[PDB]
Structures are given as C-alpha cells and as structure tokens.
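Colleague: Numbering-wise (my numbering), the sequence shown opens with residue 542 and increments by one. Note that beta-carbon positions come from the ideal geometry of N, C-alpha and C, so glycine has one too. Quick one: this structure, given as structure tokens, is what I'll be asking you about.
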Amino acid sequence: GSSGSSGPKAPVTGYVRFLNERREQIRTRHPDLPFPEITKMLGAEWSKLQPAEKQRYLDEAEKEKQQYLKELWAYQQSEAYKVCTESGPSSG
C-alpha cells in the first residue's frame with residue numbers, strides 16, 4: 542500500500558482524534574449504522590467528556606501536528622522537490 546499524497550497527510554484534529562478511535566467502538570456494537578449515523582452519536586459524548594480527557598485529546602493533537610507541519614514545508618523546500626523528470630528552467 543501507498544500512503545501520503547500531494548504533501549503531508551493532514552492529521553486529525555483533537556476533536557476528531559477521539560472520534561477516530563471511538564468510531565471503531567461503535568462499529569462493533571452497531572455494525573449496521575452508517576457513517577453519518579455513528580459520528581452523530583459520538584459527537585454527543587465529546588460534550589459529555591471529562592475536563593481531563595477532552596483537554597488532553599486537544600493536546601495530543603498538538604505534538605503530533607508539528608510532525609506533519611514540517612512534512613509540509615521542510616519537504617516542499619528541498620532539492621528533491623525541485624529536481625524531477627521535468628525540463629525547462631536550466632540555469633537560464
């Protein structure tokens with residue numbers, strides 16, 4: 542399999558991060574509930590979350606983010622980025 546395309550794979554925010562893992566929990570229980578049927582349920586939880594989990598989740602999406610960030614510019618601005626099987630601009 543191949544991952545990553547047209548730049549770094551934008552990581553899920555802190556609000557979605559929790560929904561990502563949870564999404565599975567539901568699927569197991571309601572294997573019939575579609576996409577726009579499972580998320581609608583989790584959402585409610587996010588609001589009924591604790592002052593320790595909700596806050597953390599948001600933080601967990603901070604450290605990781607950085608990684609992606611650098612994978613957006615640190616890459617775009619690199620010899621490998623310019624150097625390619627193309628033709629045209631050649632030192633004038």
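When you compare each of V624, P549, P575 and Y556 to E603 by their alpha carbons, which one comes out closest?
Modeller: Checked all of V624, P549, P575 and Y556; the closest Cα to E603 is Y556.
Colleague: Could you tell me the distance, in whole angstroms, from the CA atom of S631 to the CA atom of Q617?
Modeller: Straight-line Cα distance between these residues: approximately 19 Å.
Colleague: Rounded to whole angstroms, what is the Cα-Cα separation between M582 and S628?
Modeller: Their backbone Cα atoms lie some 53 Å apart in a straight line.
Colleague: Measuring only the C-alpha atoms, how far is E605 from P572?
Modeller: One C-alpha to the other measures close to 30 Å.
Colleague: State the Cα-Cα distance for the pair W587 and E578, rounded to the nearest angstrom.
Modeller: So the two alpha carbons sit approximately 15 Å from each other.
Colleague: Leaving out five residues before and five after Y598 in sequence, what residues of the same chain have Cβ atoms less than 6 Å from its Cβ?
Modeller: The residues are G555, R558 and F559.
Colleague: What's the C-alpha gap between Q591 and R564?
Modeller: Near 18 Å, if we compare the C-alpha coordinates of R564 and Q591.
Colleague: For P552 and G633, what's the separation of their Cα atoms in angstroms?
Modeller: Spanning the two alpha carbons is a distance of roughly 39 Å.
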